[PDB]
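Inside the fold
Next come the chains, spelled out residue by residue.
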Amino acid sequence: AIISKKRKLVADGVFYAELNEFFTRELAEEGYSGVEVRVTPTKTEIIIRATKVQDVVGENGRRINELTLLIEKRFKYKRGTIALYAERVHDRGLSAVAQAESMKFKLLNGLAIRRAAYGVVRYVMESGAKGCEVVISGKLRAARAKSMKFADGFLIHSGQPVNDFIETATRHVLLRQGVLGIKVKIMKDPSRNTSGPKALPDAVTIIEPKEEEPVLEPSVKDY
Amino acid sequence: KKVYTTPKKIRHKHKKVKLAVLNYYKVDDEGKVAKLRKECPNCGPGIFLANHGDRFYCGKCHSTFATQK
RNA sequence: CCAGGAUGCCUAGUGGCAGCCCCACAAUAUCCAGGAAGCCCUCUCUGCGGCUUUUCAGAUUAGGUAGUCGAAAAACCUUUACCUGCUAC
RNA sequence: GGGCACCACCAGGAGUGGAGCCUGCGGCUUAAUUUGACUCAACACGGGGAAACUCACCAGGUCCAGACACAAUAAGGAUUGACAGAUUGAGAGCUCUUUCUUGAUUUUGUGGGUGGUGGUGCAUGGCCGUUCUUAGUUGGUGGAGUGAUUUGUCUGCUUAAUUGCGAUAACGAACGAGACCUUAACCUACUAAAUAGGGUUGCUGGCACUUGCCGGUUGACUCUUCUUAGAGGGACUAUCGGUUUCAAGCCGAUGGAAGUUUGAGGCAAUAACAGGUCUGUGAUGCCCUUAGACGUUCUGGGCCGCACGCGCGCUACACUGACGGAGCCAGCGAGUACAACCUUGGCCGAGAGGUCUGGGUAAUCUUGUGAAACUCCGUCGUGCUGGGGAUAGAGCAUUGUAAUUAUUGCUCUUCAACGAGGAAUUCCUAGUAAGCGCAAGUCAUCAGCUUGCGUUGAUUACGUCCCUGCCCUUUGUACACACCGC
Ligand SMILES: [Mg+2]
Ligand SMILES: [Mg+2]
Ligand SMILES: [Mg+2]
Ligand SMILES: [Mg+2]
Ligand SMILES: [Mg+2]
Ligand SMILES: [Mg+2]
Ligand SMILES: [Mg+2]
Ligand SMILES: [Mg+2]
Ligand SMILES: [Mg+2]
Ligand SMILES: [Mg+2]
Ligand SMILES: [Mg+2]
Ligand SMILES: [Mg+2]
Ligand SMILES: [Mg+2]
Ligand SMILES: [Mg+2]
Ligand SMILES: [Mg+2]
Ligand SMILES: [Mg+2]
Ligand SMILES: [Mg+2]
Ligand SMILES: [Mg+2]
Ligand SMILES: [Zn+2]
């Protein structure tokens, strides 16, 4: 403890990244999406967003406990000062990482790839994205590599409306023949974004005017 | 790549020349025992000296004697 | 690579602070247009790249064909050209 | 035919190409001088400034890190260890001399993995570069075609832009551009501060000596202009003039901090390339290899060698200079407690550098980083000169285990080539070009490199298609692996 503030921050960031990586590695079966780290005094809250929350939990404190222990071992903490929580994801289809994971799982299982992609897209649409896109790259039959693009709706490529709006998700998939590279972009609808702006920066919606009756005598109305 | 050189002489780890119920120690009477060579001064009894031409050592302390016996 | 010998107007100059004190501009020809190193070349003091080869291979690459490169004995002073590679809910 | 661009040219600047030297890359050389990549889009690139490590190469040695399955020894030892000198580069038990330890780990096989800076980027992922930061791309109707398709997406004029205006079997749309974001500029208007700066005043130093001038002190009190950085505004080509079917716009004055898309970037479409990377990768297919390894690991080298080619670069050919003094001003940064970071201040040393001491985990201390180029007065005056500093010899320092194949610094000495560089060709349009230094990056030590930063600060356009490239259109096509074609 006690370092340059910036340095400390950097270290923290690194730690977070590591944690995320670990989660990606380990909670594949569980369908992990992302971590949320809140460093208060004494306790530190590690929130986990996964699909199979129950699975993550185990059977009333087991897997989670183990994970916590591992974390402690890694980063020299004591028992009590780390607190893990496994929470549900508010709308899975709006998330990108989760979708990617699902796709990977499907691939592993052995499903028609294009069909799977289509299904995923449909799911995303249902969830309520303005538009989404999936790229599946590699040897989808034959030795020569091909990219396969599957998209619906709008897809903002340029500008700052990308970090704010598009959730991205890359994930390699190892198979007997070789590797398949899955990429997924989900353009969330502006209205359901909350953080940042609630609308695109170029769109200018003009309100409808209100009618009035001219003249009708000079008149008065006193009190 | 470049071809391997081939001088010829290979050296393997020695198999050790294992031997048990070794001819150290003895008994004459039956009741009592008669120790051969000597035990270690540094460590406790049970370990036995290595005997050479005015040169000794022991294995539990890898090899650490000097004085004769 | 070379240099001026003299028939000559040269001309004791004109400009810019001429003043001697520097700058720049003004003196046809030249007769020779001539000399030194190098000079088409052929044998020597007898050179290192040919001659075949047989051994292989480096490879040349997506695959392959034909040539080429590298280490071992005998007279003579290119790694490129060209063929053949893939489809619906 | 029509566009566009200082990666095109004009009008100019600075140049490079010559010189020496650095450094890349060839070629040769070499045990080995590891490899990747060659038009732009290879060549100061691999963040690649290699002393070992790195490291892949060579000469040599060491080690198992041979997971797991199944049998041969199964303690009358499986195999583990092992001081002493010869051994060994060698206080490598590397072993052959040895005769002590070690206890079922192993180990001897057979299935089976594992590792590999081994291979193949023309087997792949991801990322990146390039077509292209150019202006391009798409689909829904509707029309033209039996059809592939086409129109929309275009004569013209505009614009940096398929940017718009217009003309129109097309109408309204999306992507790309724009908007967006970040930063660079303005705020005597807000919110703020002894970690930012000032004002009055206390004590206090010196002056002229009247009241006044410069100071030094975190002594008090108060302020926010500069500071920062929060919230906002502010520029929209604004007002006016022309010009243009009185459109899109463009051109000039006025005001305004700002009138080049306000400047600069960040991102940046469709389709791709057999472009690069399997030497960032526990990203990886397959092949190879796989216990005297192409695994690892030690030790010594090597990437740095030199008849010689090109490529970034630096230093100079001086008088707009050189050398001395003196004046003396920036902005980006960065910086340690489990390490050894930046390191003021004091003493020693001609220096380099040593030492003691601090201050700093940082608007606080280094640091006003009083950086250079600059400015002033003097010394040499246009001579391969005091220009120029190379190669050289020696010593003094430092970093590290190790400095010879000078690591770097400093001290003296040596004084080479080069009097502005041919054919060629690069970069550039404003706080730019060029100069100048700083800065972090790599870093134990090394800057001629790099990403940034500020300082000094111009010349000439503000156009055009002459070249070069690229884009479209119309044309022609025996091409479609598409001119490296057939
Ligand atoms: Mg857009
Ligand atoms: Mg943009
Ligand atoms: Mg070897
Ligand atoms: Mg280009
Ligand atoms: Mg080098
Ligand atoms: Mg460069
Ligand atoms: Mg070095
Ligand atoms: Mg490896
Ligand atoms: Mg590998
Ligand atoms: Mg490739
Ligand atoms: Mg290739
Ligand atoms: Mg149609
Ligand atoms: Mg069309
Ligand atoms: Mg007007
Ligand atoms: Mg801009
Ligand atoms: Mg400061
Ligand atoms: Mg001299
Ligand atoms: Mg460098
Ligand atoms: Zn002992």
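Reference entry: report on the structure contained in this document. (Residues numbered from 1 in each chain as written, not as in the entry; some residues may be left out. Chains lettered and ligands numbered in written order. Part of a larger assembly, values for the part shown. Heavy atoms only, no water. Residues with missing side-chain atoms left out of burial classes, pairs and counts.)

**Examining a nonpolar patch on the surface**
Residues and elements named next belong to chain B. Applicable threshold: Patches in this entry comprise residues that are over 30% relatively accessible and not in a salt bridge; like charges within 9 Å are linked, as are nonpolar side chains (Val, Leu, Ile, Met, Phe, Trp, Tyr) within 5 Å. Residue burial considers only the protein chains on display, and all accessible areas are found by Shrake-Rupley using a 1.4 Å probe. By salt bridge we mean one thing: a side-chain nitrogen of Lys or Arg within 4 Å of a carboxyl oxygen of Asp or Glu. Helix numbering and strand numbering both begin at the N terminus, where a helix is a DSSP run of H or I of at least 4 residues and a strand a DSSP run of E of at least 2. A 1.4 Å probe rolled over the protein chains alone gives each residue an accessible area, and that area as a share of the maximum for its type sets the label: buried under 20%, exposed over 50%, partly exposed in between.
A contiguous nonpolar surface patch, about 580 Å² in accessible area, is contributed by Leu-19, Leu-22, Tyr-24, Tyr-25, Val-27 and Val-33. If you trace the backbone, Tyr-25 turns up in the segment before β1 (50-52). What makes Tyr-25 partly exposed here is its relative accessible area of 39%.

**Topic: the sheet that holds strand β6 (residues 166-174) of chain A**
Residues and elements named next belong to chain A. Quick reminder of the rule: Note on pairing: DSSP must find at least two bridges between two strands before they are called paired. Note on definitions: angles span 0 to 180 degrees between N-to-C directions of axes, and those axes are lines fitted to C-alpha atoms, for helices only across the stretch in contact. In this analysis, two residues are considered to be in contact whenever any of their non-hydrogen atoms come within 4.5 Å of each other.
In spatial order, the strands read β5-β4-β7-β6; together these 4 strands make up an open sheet with antiparallel pairing. Every other strand in the sheet has two partners, leaving β5 (146-153) and β6 as the edge strands with one partner each. Sheet twist, expressed as the average angle between the axes of neighbouring strands with direction ignored, equals 10°. In this fold helix α4 (residues 97-109) packs onto β4 (129-138), β6 and β7 (179-188), with an angle of close to 25° to the strand it touches most, β6.

**Concerning the sheet that holds strand β3 (residues 82-87) of chain A**
All names here are of chain A. An order of β1-β2-β3 is seen for the 3 strands of this open sheet, with the pairing classed as mixed. Edge positions in the open sheet fall to β1 (32-39) and β3, since each of these has one partner strand only. Pairwise comparison of adjacent strand axes, ignoring direction, gives a mean angle of 20° for this sheet. The pairing of β1 with strand β2 (residues 44-50) spans 7 bridges and is classified as antiparallel. What sits directly across from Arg-38, in β2, is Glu-45.

**Points about the protein's contact with RNA strand D**
Threshold: Note on terminology: near, applied to a residue and a molecule or strand, indicates that one of the residue's heavy atoms is within 4 Å of it. For this analysis, a polar contact is any N or O atom pair within 3.5 Å, provided that within protein one partner can donate a hydrogen and the other can accept it, and provided that sequence-adjacent residues contribute only side-chain to side-chain pairs. Ten residue types, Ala, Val, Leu, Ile, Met, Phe, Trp, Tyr, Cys and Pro, are classed as nonpolar, four, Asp, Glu, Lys and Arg, as charged, and the remainder, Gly among them, as polar.
In the vicinity of RNA strand D lie 59 residues, with A:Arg7, A:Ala143, A:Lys149, B:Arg55 and B:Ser63 positioned nearest. The sugar-phosphate portion of RNA strand D accounts for 68% of its atoms within 4 Å of the protein, the bases making up the rest. A distance of 3.2 Å separates a phosphate oxygen of RNA strand D from a polar side-chain atom of A:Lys6. Within the contact set of RNA strand D, a phosphate oxygen lies 2.6 Å away from a side-chain nitrogen or oxygen of A:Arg7. For the surface near RNA strand D, a count of residues per class yields 20 nonpolar, 19 polar and 20 charged.

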